[PDB]
Amino acid sequence: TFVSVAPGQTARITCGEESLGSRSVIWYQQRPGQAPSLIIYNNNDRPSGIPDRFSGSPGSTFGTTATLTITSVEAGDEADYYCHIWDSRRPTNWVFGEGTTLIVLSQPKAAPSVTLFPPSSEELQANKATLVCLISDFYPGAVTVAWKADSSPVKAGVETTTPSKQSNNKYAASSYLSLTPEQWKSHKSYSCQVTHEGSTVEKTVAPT
Amino acid sequence: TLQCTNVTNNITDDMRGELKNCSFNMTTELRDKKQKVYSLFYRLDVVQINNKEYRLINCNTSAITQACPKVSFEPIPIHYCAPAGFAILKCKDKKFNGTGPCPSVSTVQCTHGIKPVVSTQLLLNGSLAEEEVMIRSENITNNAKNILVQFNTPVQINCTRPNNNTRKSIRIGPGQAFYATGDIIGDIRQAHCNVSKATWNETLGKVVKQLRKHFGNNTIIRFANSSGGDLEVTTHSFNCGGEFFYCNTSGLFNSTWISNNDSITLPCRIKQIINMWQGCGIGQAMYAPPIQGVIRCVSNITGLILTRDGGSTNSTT
Amino acid sequence: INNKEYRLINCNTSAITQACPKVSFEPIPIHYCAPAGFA
Amino acid sequence: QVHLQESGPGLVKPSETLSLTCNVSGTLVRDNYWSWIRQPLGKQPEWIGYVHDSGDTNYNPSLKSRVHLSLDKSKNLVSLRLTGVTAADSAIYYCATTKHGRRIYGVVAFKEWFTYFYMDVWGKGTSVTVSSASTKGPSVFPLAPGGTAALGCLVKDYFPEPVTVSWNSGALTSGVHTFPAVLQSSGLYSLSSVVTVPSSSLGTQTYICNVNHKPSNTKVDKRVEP
Ligand SMILES: *[C@@H]1O[C@H](CO)[C@@H](O[C@@H]2O[C@H](CO)[C@@H](O[C@@H]3O[C@H](CO[C@H]4O[C@H](CO[C@H]5O[C@H](CO)[C@@H](O)[C@H](O)[C@@H]5O)[C@@H](O)[C@H](O[C@H]5O[C@H](CO)[C@@H](O)[C@H](O)[C@@H]5O)[C@@H]4O)[C@@H](O)[C@H](O[C@H]4O[C@H](CO)[C@@H](O)[C@H](O)[C@@H]4O[C@H]4O[C@H](CO)[C@@H](O)[C@H](O)[C@@H]4O[C@H]4O[C@H](CO)[C@@H](O)[C@H](O)[C@@H]4O)[C@@H]3O)[C@H](O)[C@H]2NC(C)=O)[C@H](O)[C@H]1NC(C)=O
Ligand SMILES: *[C@@H]1O[C@H](CO)[C@@H](O[C@@H]2O[C@H](CO)[C@@H](O[C@@H]3O[C@H](CO[C@H]4O[C@H](CO)[C@@H](O)[C@H](O)[C@@H]4O)[C@@H](O)[C@H](O[C@H]4O[C@H](CO)[C@@H](O)[C@H](O)[C@@H]4O[C@H]4O[C@H](CO)[C@@H](O)[C@H](O)[C@@H]4O)[C@@H]3O)[C@H](O)[C@H]2NC(C)=O)[C@H](O)[C@H]1NC(C)=O
Ligand SMILES: *[C@@H]1O[C@H](CO)[C@@H](O[C@@H]2O[C@H](CO)[C@@H](O[C@@H]3O[C@H](CO[C@H]4O[C@H](CO)[C@@H](O)[C@H](O)[C@@H]4O)[C@@H](O)[C@H](O[C@H]4O[C@H](CO)[C@@H](O)[C@H](O)[C@@H]4O)[C@@H]3O)[C@H](O)[C@H]2NC(C)=O)[C@H](O)[C@H]1NC(C)=O
Ligand SMILES: *[C@@H]1O[C@H](CO)[C@@H](O[C@@H]2O[C@H](CO)[C@@H](O[C@@H]3O[C@H](CO)[C@@H](O)[C@H](O[C@H]4O[C@H](CO)[C@@H](O)[C@H](O)[C@@H]4O)[C@@H]3O)[C@H](O)[C@H]2NC(C)=O)[C@H](O)[C@H]1NC(C)=O
Ligand SMILES: *[C@@H]1O[C@H](CO)[C@@H](O[C@@H]2O[C@H](CO)[C@@H](O[C@@H]3O[C@H](CO)[C@@H](O)[C@H](O)[C@@H]3O)[C@H](O)[C@H]2NC(C)=O)[C@H](O)[C@H]1NC(C)=O
Ligand SMILES: *[C@@H]1O[C@H](CO)[C@@H](O[C@@H]2O[C@H](CO)[C@@H](O)[C@H](O)[C@H]2NC(C)=O)[C@H](O)[C@H]1NC(C)=O
Ligand SMILES: *[C@@H]1O[C@H](CO)[C@@H](O[C@@H]2O[C@H](CO)[C@@H](O)[C@H](O)[C@H]2NC(C)=O)[C@H](O)[C@H]1NC(C)=O
Ligand SMILES: *[C@@H]1O[C@H](CO)[C@@H](O[C@@H]2O[C@H](CO)[C@@H](O)[C@H](O)[C@H]2NC(C)=O)[C@H](O)[C@H]1NC(C)=O
Ligand SMILES: *[C@@H]1O[C@H](CO)[C@@H](O[C@@H]2O[C@H](CO)[C@@H](O)[C@H](O)[C@H]2NC(C)=O)[C@H](O)[C@H]1NC(C)=O
Ligand SMILES: *[C@@H]1O[C@H](CO)[C@@H](O[C@@H]2O[C@H](CO)[C@@H](O)[C@H](O)[C@H]2NC(C)=O)[C@H](O)[C@H]1NC(C)=O
Ligand SMILES: *[C@@H]1O[C@H](CO)[C@@H](O[C@@H]2O[C@H](CO)[C@@H](O)[C@H](O)[C@H]2NC(C)=O)[C@H](O)[C@H]1NC(C)=O
Ligand SMILES: *[C@@H]1O[C@H](CO)[C@@H](O[C@@H]2O[C@H](CO)[C@@H](O)[C@H](O)[C@H]2NC(C)=O)[C@H](O)[C@H]1NC(C)=O
Ligand SMILES: *[C@@H]1O[C@H](CO)[C@@H](O[C@@H]2O[C@H](CO)[C@@H](O)[C@H](O)[C@H]2NC(C)=O)[C@H](O)[C@H]1NC(C)=O
Ligand SMILES: *[C@@H]1O[C@H](CO)[C@@H](O[C@@H]2O[C@H](CO)[C@@H](O)[C@H](O)[C@H]2NC(C)=O)[C@H](O)[C@H]1NC(C)=O
Ligand SMILES: *[C@@H]1O[C@H](CO)[C@@H](O)[C@H](O)[C@H]1NC(C)=O
Ligand SMILES: *[C@@H]1O[C@H](CO)[C@@H](O)[C@H](O)[C@H]1NC(C)=O
Ligand SMILES: *[C@@H]1O[C@H](CO)[C@@H](O)[C@H](O)[C@H]1NC(C)=O
Ligand SMILES: *[C@@H]1O[C@H](CO)[C@@H](O)[C@H](O)[C@H]1NC(C)=O
């Protein structure tokens, strides 16, 4: 589930089944690629280090779902959010609720920083070749890579990762193209075209 | 035939399912199509018979009729009057054990407001005694004769039903309609009754000081709970907000008095199908309809109905 | 209530009893009287 | 300060016995509750179970008859065992401290309460992949490079994951961008690590990327030069 809210406002996240008795929901924050961190440890009680007004719905209402209000929403709070429901009528939940991803709107926007590396000499001596274009600092994470052999398209051999944010607005993507030592020297030059948001950045490399 | 299960709750194994989520058929307005409807009953109301299949406890003793929800069971003050040519004489003595001459008698036409409170072990909202607490008995030596105690100061008691019940309005016939207990809104909690242990302290001390006037002065007086039998006798059977409570009085009468700030809470059970007073013939049984919301009631303990054991020449106590 | 299948209009309001055919609904003259000491 | 570290093999064959250890630093294991939490890829973290001193320990009813936890007081660490593994156990296992609490809703005496636990101080976590394939050592190849410049290293052929890459034995933490691996059709992952450096580095300002792959105990120090 996804929640879109502008920065400097109030966000609201729903998690878990409907309440049946007196509950003590525990909230967790999962930063992308990190370990979950504690935010609320007793259904609207923050420990030391968590700012206000991070609030949850009181655990005395019967018949509602756990809602998490986040006032003054920032881009740094953009992360997944899980919940541990502690309902007096239900057995112990050994599985956290399905997390809710927060989307903070009006992110800067970023032209992709592409970098094309040719194959190393020690790899050519090993009868291998791999072109690598590494793409970073692009937003949002939605890019499509296309390889070219000096105006000839490359169909197969392309292995590409899926966009992946990295503790920032920076997404990451690595595109590898596997070739043989003769294929590199054959064509005049090779190009990696990254199509990002209507625009297309190309970077080329030529043999020596 | 009721196909019953436990109520939706995860608690330890030391909690017998007082409440049972039951399902059964019912006749609708028409005498053709049935009705797979569910209700919630207390364990005391039902009994298994050989998936757990039960029945109502009274199906094998007597018929049953529901108490209309329009009527109430609120004890109101009743003044009893006599007709012309008659009069009601009222003893005006402060210390009077009910039997014998009364020095200061007056007369009246109608007694004071006597609330008909139905309880068994503890008298409630009664008339306080004057000055010293009062003991009354037909034959103190006979251990088979009850000993009625009337209090001078009232002991505050608080009984509550912490369950926000729901009323299901089933249509059993073209005119009749049954009020089942729907789902519980909130926590699975038990009915209980509170007694301030300080006031109860002093009250028990003041009754034992009056007992020593009849059983010798330097003797030891012990209090134990009921012996056993029916629930109506072994528990402080009564009605409060409409539900009929049955409380365990083992924490009040477990003491021992020699010659010389919290509340005592009591586990109170509730029953809806009661058959007191034989049932008006050998047939009728009453179903106390389910009551919406949490019931809380504050009453006075104004007297006791005690009984002594037949030790004969057993002890000084 | 949902070949047309019906019910009686009152099955869903109240029970029902038939008026015996022996009794009649004929309005007869009633004179109302008061007891002694009244007029 | 409280530092938690999870450490294990990383690759376990099906129907075997996983064994993990959580190195704890800054506090004793006798004075804290310790819970283990795995999280499959794209799933919600699954609570495994908790352990404490004096024999107070509990597991997951779904994983009841397979797990065994322990505490090493002498060596000050936590221990986990999971017998008879299958493909469902592949996940990221975290070691965290646990704090207890009671919420009372009724009157206490009626046992009208329940204890709720919450983990506050997590560990960095360890990865565990269940596969019947063998471990493959990585193959390190350096990626050769006015104002600024780029320069990188490449790990092309390894299994199962992960491979920790430092620069100059950890003396370069500014401008480093490590990119996520890609699973190739042969079943071998491949990642790259770049550093943005000033063009003025004739030096030679030695750049030596240190790769370590624990499942194959492969440690390769690759010197890159234009
Ligand atoms: C017959 O006699 C018996 C004899 O016992 C009676 O039985 C009693 O009956 C009552 C109810 O009738 C029960 O009340 C419950 O009490 C518990 C416990 O409360 C006490 O303990 C709390 C915690 O103490 C522990 O933690 C603290 C640290 O927090 C620690 O320092 C301490 O050492 C200990 O380890 C105290 O916080 C609490 O203080 C509160 O009350 C004081 C009253 O004197 C007041 O002075 C304080 O300022 C403070 O306000 C007290 O000492 C309660 O937890 C419980 O209330 C919660 O749960 C119920 C049921 O779910 C719910 O309806 C309430 O709304 C309340 O839930 C709020 O509080 C939770 C805890 O903070 C929180 O998690 C919830 O989310 C919710 O709070 C949220 O919203 C509020 C909205 O303002 C907000 O403030 C919060 O920050 C949060 O956002 C019950 O009231 C008794 O337990 C029971 N037995 C005993 C032994 O007491 C019986 O009643 C008698 N018969 C009859 C008919 O009455
Ligand atoms: C020993 O002595 C004590 C002290 O008197 C006595 O306590 C009494 O307890 C009863 C039971 O709880 C109390 O009676 C109820 O009071 C509540 C609310 O209190 C008052 O609220 C308003 C003003 O706030 C008053 O106008 C009102 O009259 C109450 O006094 C009421 O909600 C109850 O009324 C309902 O039930 C009555 C009969 O049961 C109906 O006549 C009345 O119309 C109400 O019906 C409603 O109830 C349904 C929900 O329950 C609702 O769904 C229906 O639609 C309907 O609208 C009731 O009056 C009483 O106040 C306490 N004493 C005094 C002096 O007030 C002990 O009971 C006594 N010992 C024993 C064994 O009884
Ligand atoms: C005492 O025992 C009785 C036995 O009948 C219980 O009554 C049933 O309880 C269940 C749940 O415990 C109820 O089922 C719920 O129904 C909801 C309504 O959806 C249906 O109704 C609409 C029309 O209103 C239809 O159009 C629709 O297609 C559905 O058929 C559902 O939304 C609920 O879904 C939730 O729970 C299920 C549980 O499996 C999940 O799978 C869902 O994802 C979701 O979380 C649920 O299915 C049922 O309605 C109750 N009966 C009646 C007549 O209402 C009592 O609950 C029980 N009481 C206690 C206290 O234990
Ligand atoms: C759902 O119901 C289950 C019961 O099936 C319930 O789990 C139970 O939780 C209690 C926690 O209070 C467990 O009791 C523990 O037992 C161990 C020994 O086995 C004790 O050492 C523990 O001691 C604690 O409590 C003492 C007094 O309360 C303290 O003095 C001490 O310092 C400890 O804090 C503890 O009592 C019990 O074993 C489980 N039951 C099972 C079967 O595991 C669960 O809480 C319920 N959950 C919900 C949401 O309703
Ligand atoms: C529980 O018991 C107390 C007893 O103190 C009840 O309050 C008291 O009620 C009595 C009457 O039942 C009051 O006595 C009367 O007072 C008038 C005052 O003019 C007096 O003229 C009468 O002769 C009679 O003695 C008494 O004043 C009152 N106490 C206080 C402090 O107000 C209480 O109502 C009882 N609760 C119940 C039965 O639910
Ligand atoms: C009353 O309820 C019971 C179940 O609680 C129903 O029992 C069914 O009886 C028929 C008899 O022919 C069996 O074939 C079914 O297997 C029983 N179970 C069902 C249908 O779930 C019974 O039908 C109900 N009475 C009605 C609906 O009139
Ligand atoms: C009516 O039902 C009650 C309860 O179901 C019966 O009382 C029980 O009877 C059984 C067998 O006769 C005994 O084992 C139990 O000990 C009895 N219970 C108690 C509390 O004494 C009663 O016998 C039934 N009456 C009939 C069938 O005529
Ligand atoms: C009420 O108290 C009086 C006085 O204690 C009791 O009177 C006793 O009556 C018996 C026989 O009826 C005599 O043998 C005693 O001598 C009387 N006592 C005194 C002191 O003279 C009376 O029995 C008591 N009644 C009740 C019901 O307790
Ligand atoms: C017990 O449950 C009933 C269920 O109807 C509650 O009544 C509802 O309460 C909510 C919030 O308290 C109101 O918004 C609804 O309007 C109420 N229903 C009706 C029909 O009016 C009741 O409040 C619960 N008990 C308590 C003490 O809150
Ligand atoms: C019984 O109930 C009454 C009223 O519910 C209690 O009296 C009040 O209790 C509240 C909360 O406990 C106090 O804040 C008030 O000051 C009390 N007022 C008076 C006049 O007492 C009473 O204490 C309860 N007693 C017991 C033994 O449960
Ligand atoms: C009065 O107190 C006695 C002693 O605490 C209770 O006797 C116990 O009753 C339970 C329930 O039947 C038995 O399991 C125990 O074995 C009994 N103990 C002894 C020593 O006999 C008795 O139940 C209490 N009275 C009531 C009515 O609850
Ligand atoms: C009334 O109170 C007595 C005393 O607490 C209860 O007897 C207890 O019964 C349980 C079994 O459910 C035992 O575990 C306790 O040890 C008993 N108490 C004592 C002091 O021995 C009794 O069960 C309660 N209820 C009834 C109906 O008697
Ligand atoms: C009368 O009540 C007291 C109060 O609970 C009982 O005292 C308990 O005795 C047992 C002995 O088996 C102890 O383990 C408990 O700790 C005592 N409780 C308290 C609160 O002190 C006493 O047992 C009861 N009378 C009898 C004869 O059992
Ligand atoms: C009892 O039956 C009557 C008539 O069948 C119902 O009155 C009709 O109700 C329906 C639906 O509620 C409305 O669409 C009609 O407009 C009503 N008729 C008139 C003349 O107003 C009545 O609601 C039923 N009562 C129940 C089912 O409780
Ligand atoms: C009800 O609960 C008790 C204890 O929790 C259990 O032993 C029993 O089997 C349960 N019965 C049903 C029908 O669920
Ligand atoms: C009262 O108890 C005594 C005790 O011995 C007994 O003899 C007598 O028959 C009982 N009945 C009375 C006094 O009416
Ligand atoms: C209160 O009652 C208990 C029960 O026996 C007794 O031990 C205590 O002495 C009493 N309190 C006072 C002040 O007499
Ligand atoms: C008991 O002794 C007291 C004095 O301590 C005395 O007032 C009382 O009358 C005596 N009661 C008897 C002997 O029954």
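Residues numbered from 1 in each chain as written, not as in the entry; some residues may be left out. Chains lettered and ligands numbered in written order. Part of a larger assembly, values for the part shown. Heavy atoms only, no water.

Structure determination for this PDB entry was carried out by X-ray crystallography, with a resolution of 4.123 Å recorded in the header.

Participant: Summarise the overall build of chain C; cite the residues concerned and give the values.
Facilitator: Assigned secondary structure in chain C consists of zero helices and zero strands. Dimensions of chain C along its principal axes, counting C-alpha atoms only, are 65 × 20 × 10 Å. Among the 39 residues that make up chain C, the fraction classed as buried is 5%. Here chain C has roughly 4400 Å² of accessible surface; of this, 62% comes from carbon and sulfur atoms. (Helix = DSSP H or I, 4+ residues; strand = E, 2+ residues; numbered from the N terminus. Buried < 20%, exposed > 50% of the residue type's maximum accessible area, 1.4 Å probe, protein only. Areas by Shrake-Rupley, 256 points an atom, 1.4 Å probe, with all protein chains shown as cover.)

Participant: Before we move on, could you go through the layout of surface pockets and cite the residues and values that matter?
Facilitator: All names here are of chain B. Estimates place the volume of the second largest pocket at around 1200 Å³. As for the second largest pocket, its lining consists of 30 residues, and the residues nearest its centre are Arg222, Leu306, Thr307, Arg308 and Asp309. Contributions of two or more residues to the lining of the second largest pocket are made by β15 (221-223), α2 (231-234) and β22 (295-306). (1 Å grid on protein atoms, 1.4 Å probe; cavity = no way out; pocket = protein on both sides within 12 Å on 5 of 7 lines; lining within 4 Å. Points joined across faces, edges and corners; volume = space filled by probe spheres on them.)

Participant: Got a sec to walk through the environment of D:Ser186? Specific residues and values, please.
Facilitator: Residue and element names in this part refer to chain D. With respect to the helices and strands, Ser186 occurs in the loop between β15 (176-178) and β16 (189-198). Given a relative accessible area of 58%, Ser186 falls into the exposed group. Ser186 sits 29 residues away from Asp157 along the chain, and the two C-alpha atoms are 9.8 Å apart.

Participant: Go over the arrangement of the chains, please, and point to the residues and values.
Facilitator: When the four pairs of chains in contact are ranked by number of contacts, first place goes to chains A and D. For the non-touching pair chain A and chain C, the nearest C-alpha separation works out to 32 Å. Looking at chain C next to chain D, you find no contact at all, with the nearest C-alpha pair sitting 42 Å apart. (Contact = heavy atoms within 4.5 Å.)

Participant: Please give an account of unusual backbone geometry that cites residues and values.
Facilitator: With the exception of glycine, most residues fall at negative phi, and the peptide bonds are largely trans. Look at the link from A:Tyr139 to A:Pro140: it is a cis peptide, with omega at -5°. Mapped onto the elements of the fold, A:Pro140 is located in the loop between β10 (129-136) and β11 (143-149). In this structure, the amide linkage connecting D:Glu161 to the following residue, D:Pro162, adopts the cis form with an omega of -10°. Locating D:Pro162 in the fold gives a position in the loop between β13 (148-158) and β14 (164-167). Positioned with a positive phi, D:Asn76 is a non-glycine residue whose angle comes to about 60°.

Participant: Got a sec to walk through the sheet that holds strand β17 (residues 207-213) of chain D? Specific residues and values, please.
Facilitator: Residues and elements named next belong to chain D. Read across the sheet, three strands follow the order β14-β17-β18 without closing on themselves; strand pairing throughout is antiparallel. Only two strands of the sheet have a single partner each, and these edge strands are β14 and β18 (218-224). Neighbour to neighbour, the strand axes of the sheet diverge by 20° on average, direction disregarded. Relative to β18, β17 runs antiparallel, the two being bridged by seven bridges. If you follow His213 over to β18, its bridge partner there is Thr218. (Pairing = 2+ DSSP bridges. Axes fitted to C-alpha atoms, helices over the stretch in contact; angles between N-to-C directions.)

Participant: Go over the sheet that holds strand β1 (residues 2-6) of chain B with me, naming the residues and quoting the values.
Facilitator: Residues and elements named next belong to chain B. Judged by pairing direction, the sheet is antiparallel, and its five strands sit side by side in the order β3-β2-β1-β5-β4 without closing on themselves. A strand with exactly one partner marks an edge of an open sheet, and here the two such strands are β3 (37-42) and β4 (46-48). In this sheet, adjacent strand axes meet at a mean angle of 45° when their direction is disregarded.

Participant: Please set out the state of the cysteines residue by residue, giving values where relevant.
Facilitator: Each disulfide consists of a covalent bond between the sulfur atoms of two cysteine residues. Following the criterion strictly, the structure yields 10 disulfides over all chains and no others. One disulfide in the model links B:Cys247 with B:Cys268; its S-S distance is 2.0 Å. Here B:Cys247 and B:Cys268 share a disulfide; its torsion about the S-S bond, 110°, makes the bridge right-handed. The two residues B:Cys247 and B:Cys268 agree in class, both being buried. Here D:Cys22 engages in a disulfide with D:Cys95; their sulfurs sit 2.0 Å apart. Negative torsions about the S-S bond denote left-handed disulfides, and the value of about -75° found for D:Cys22 with D:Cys95 makes this one left-handed. Pair noted here: D:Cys22 is in strand β3 (residues 17-25) and D:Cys95 is in strand β9 (residues 91-104), with a separation of 73 residues, a long-range link. Like D:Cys95, D:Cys22 is buried. Sequence-ordered numbering of the bonded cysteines in chain D yields a pairing of 1-2, 3-4. (Disulfide = S-S within 2.5 Å.)

Participant: Quick rundown of the site of ligand 2? Include the residues and the values.
Facilitator: Residues and elements named next belong to chain B. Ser72, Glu74, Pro75, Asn125, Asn239, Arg296, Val298 and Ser299 make up every residue found near ligand 2. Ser299 places a side-chain nitrogen or oxygen 3.4 Å from a nitrogen atom of ligand 2. In isolation ligand 2 has 1200 Å² of accessible area, and contact with the protein removes 27% of it. Broken down by element, the shell around ligand 2 gets its largest block of residues, three residues, from β22. In the shell around ligand 2, the residues fall into two nonpolar, four polar and two charged. (Near = heavy atom within 4 Å. Polar contact = N/O pair within 3.5 Å; in protein donor to acceptor, adjacent residues only side chain to side chain. Nonpolar A, V, L, I, M, F, W, Y, C, P; charged D, E, K, R; others polar.)

Participant: Would you mind going over a nonpolar patch on the surface in detail, with residue names and values included?
Facilitator: Taken together, A:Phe2, A:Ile103 and A:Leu105 make up a surface patch of nonpolar side chains, about 280 Å² in accessible area. Among the structural elements, A:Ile103 can be located in strand β8 (residues 100-104). (Patch = residues over 30% accessible without salt bridge, like charges linked within 9 Å, V, L, I, M, F, W, Y side chains within 5 Å. Salt bridge = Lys/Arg side-chain N within 4 Å of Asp/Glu carboxyl O.)

Participant: So what about the side chain of B:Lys271? Which residues, and what values?
Facilitator: Residues and elements named next belong to chain B. Within the secondary structure layout, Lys271 lies in strand β19 (residues 263-271). For the buried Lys271, no salt bridge is present, and the opposite-charge side chain at shortest range is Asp45, 6.6 Å distant. Excluding anything up to four places from it in sequence, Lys271 contacts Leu44, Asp45, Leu231, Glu243, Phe244 and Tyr246. (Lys, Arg positive; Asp, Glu negative; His and termini not counted.)

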